[PDB]
Protein chains: 2
Amino acid sequence: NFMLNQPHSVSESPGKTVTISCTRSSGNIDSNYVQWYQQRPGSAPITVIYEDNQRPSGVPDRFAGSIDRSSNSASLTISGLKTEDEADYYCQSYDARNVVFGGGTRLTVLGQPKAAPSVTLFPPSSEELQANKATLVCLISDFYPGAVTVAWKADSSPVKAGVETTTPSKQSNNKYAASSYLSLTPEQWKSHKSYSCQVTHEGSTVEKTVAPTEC
Amino acid sequence: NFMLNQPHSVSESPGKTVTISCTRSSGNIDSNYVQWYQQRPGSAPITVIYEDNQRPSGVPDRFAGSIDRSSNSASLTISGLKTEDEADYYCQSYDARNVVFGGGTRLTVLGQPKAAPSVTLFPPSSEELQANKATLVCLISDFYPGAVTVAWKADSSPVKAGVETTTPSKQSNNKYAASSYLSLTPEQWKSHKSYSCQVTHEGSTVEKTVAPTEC
Ligand SMILES: CCN(CC)c1ccc2c(C)cc(=O)oc2c1
């Protein structure tokens, strides 16, 4: 066997250049092709470089593979660093008797801008009420940093039972989303004037309110 | 070029045997070697099978690769399941320079009883409609294992554009929750007779449907 050795983590601001190295422990780096893979948390990996320095279509030209024979290493160079480049990066080569991966490098993009959540509150449907259940959901999307706290109200009073809120996950736009859901009986839903979801993010609060409908 | 289609998830209890398939869409499965990679969450991938059925040294013989020409598929069979086997598994092959990866399969080693998700589908809120948005939300709660796939339809046509699904989150009852949201325009929403959210979990595909109205 041989090993591919990568730094554990690198941290840089947007717009800068980052270099991630991949040093072969034994045998020459050039005796087999080196691939690079990018993996965002929550997603499968993608190929960003194959055959040392070839870029698949759709991969931005900011990504460049190279080989340095004197340091017995391969490098992935990302110029013009963007928020979307925050990921784990893995180099990969062959032992002939095996496919071998580097240990992975976490690339942190520092200084991502703050983004307030979009908050949308949905009442229980007819169909759900007809099945003798009542759930409210408060959708909280497109926010950064990825921490919120949620409070529910029945009329103006705090609800302290039947609340769950999901752990925030980064979505395809590189911001977080979550939902808070409140489980009620149909009778609870109908015996109040309204329910409200109040979302606090970075010290600012957003409130939405829904009421039982009338035809 | 061809696709390698894996099931999204499999599960079994410790000590049991599990099988993961990898079906090639076009061409002949045996025309090129198949690799299988194991990736535990937040870790580097490792090769468990190369060249259809060769096991690297250090990989237990619990792991076995096979090829079925009749179904044009490769399988990974894991016997004597252990809790450290819980990971995403990917098959991989090629035609010429085109390297093809499967989508990945989550293997859960059951840590608690299976639980079928509650699936609740919400049409757009009144407040967001009077703001040029129409979001649908499919709430998926109380499920174990914490692996689901979600698919949306407009009338009968598959819809991929505008879909985001959160990473399943372990809630206070020790079961998972997530939400899938489909971001439409109001005119998109009105231009169909219905939308459907299909949720696949542990061998079943459940479905909820919603239709526009005024009240
Ligand atoms: C980093 C290597 N691995 C196995 C974990 C993977 C897994 C899946 C893919 C897919 C789907 C496309 C790809 O280009 O590279 C991958 C690479």
Side-chain angles (χ1 to χ4, degrees), chain A residues 3-8 20 22 32-60 63 65 74 76 78 84-95 98-107 172, chain B residues 1-10 20-25 32-52 55-56 59 63 65 73-74 76 78 84-107 147 149 160 165 167:
Chain A
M3 261 167 191
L4 299 180
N5 288 129
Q6 292 180 240
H8 184 253
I20 300 173
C22 173
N32 313 82
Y33 277 139
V34 180
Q35 283 68 243
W36 293 91
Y37 304 94
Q38 174 196 67
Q39 184 168 30
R40 298 189 182 89
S43 285
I46 78 178
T47 304
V48 296
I49 300 287
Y50 68 105
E51 281 171 21
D52 300 338
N53 60 10
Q54 311 290 297
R55 255 189 293 113
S57 65
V59 170
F63 289 77
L76 176 63
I78 310 160
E84 69 211 68
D85 301 331
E86 180 167 87
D88 294 309
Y89 292 90
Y90 303 101
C91 62
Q92 176 257 304
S93 206
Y94 306 82
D95 228 320
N98 205 17
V99 171
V100 296
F101 298 85
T105 302
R106 181 178 54 92
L107 169 46
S172 77
Chain B
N1 49 198
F2 67 86
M3 289 172 322
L4 292 180
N5 300 116
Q6 307 181 226
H8 281 111
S9 77
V10 290
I20 304 171
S21 67
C22 171
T23 305
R24 177 164 164 159
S25 57
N32 301 92
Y33 283 135
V34 179
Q35 285 59 250
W36 290 93
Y37 311 106
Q38 180 190 68
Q39 196 188 23
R40 297 182 182 100
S43 306
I46 74 160
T47 308
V48 292
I49 291 293
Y50 64 94
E51 291 170 8
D52 303 347
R55 190 162 15 85
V59 173
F63 291 86
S73 70
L76 187 66
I78 307 164
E84 76 209 14
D85 302 330
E86 173 154 337
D88 303 313
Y89 293 85
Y90 303 84
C91 66
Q92 175 265 305
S93 200
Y94 31 59
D95 83 88
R97 252 190 228 167
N98 298 166
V99 175
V100 176
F101 282 87
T105 300
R106 172 69 71 70
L107 167 51
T149 74
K160 325 300 301 301
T165 303
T167 303

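Whatever order the structure lists ligands and atoms in, that order sets their numbers, starting from 1. Excluded from the calculations below are hydrogen atoms, water molecules and symmetry mates; all remaining heavy atoms, backbone and side chain alike, are included. Quick note on labels: first sequence line is chain A, next is B, and so on, each numbered from 1.
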Participant: Could you tell me which atoms of ligand 1, counted from 1 in the order shown, lie closer than 4.0 angstrom to a heavy atom of A:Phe101?
Facilitator: 2 (C)

Participant: Given side chain to side chain contact (heavy atoms under 4.5 Å, CB included), test A:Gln38 with A:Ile78 step by step and report yes or no.
Facilitator: CA-CA 12 Å; A:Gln38 174 196 67; A:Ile78 310 160; over 6 Å; no

Participant: Any idea which part of B:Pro45 is under 4.0 Å from ligand 1, heavy-atom wise: side chain, backbone, both or neither?
Facilitator: side chain

Participant: Calculate, to the nearest 0.5 Å, the distance between atoms OH and CD belonging to B:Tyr90 and B:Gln39 respectively.
Facilitator: 5.5 Å

Participant: Going by the order shown, which atoms of ligand 1 are within less than 4.0 Å of some heavy atom of A:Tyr37?
Facilitator: 1 (C), 15 (O), 17 (C)

Participant: Say you draw a straight line from CD of A:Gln92 to CD1 of A:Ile49; how long is it, rounded to the nearest 0.5 Å?
Facilitator: 13.0 Å

Participant: Taking NZ, NE, NH1 and NH2 as the nitrogens, is one of them in A:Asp88 or A:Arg106 under 4.0 Å from a carboxylate oxygen of the other?
Facilitator: no

Participant: Classify the contact between A:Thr47 and ligand 1 as side chain, backbone, both or neither, using a heavy-atom distance cut-off of under 4.0 Å.
Facilitator: both

Participant: Specify side chain, backbone, both or neither for B:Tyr90, according to which of its non-hydrogen atoms lie closer than 4.0 Å to ligand 1.
Facilitator: side chain

Participant: Would the number of heavy atoms belonging to other residues, nucleotides or ligands and lying under 6.0 Å from CZ of B:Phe63 be above 12?
Facilitator: yes

Participant: Within a distance under 4.0 Å of any heavy atom of B:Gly102, pick out the atoms of ligand 1 and give their elements.
Facilitator: 11 (C)

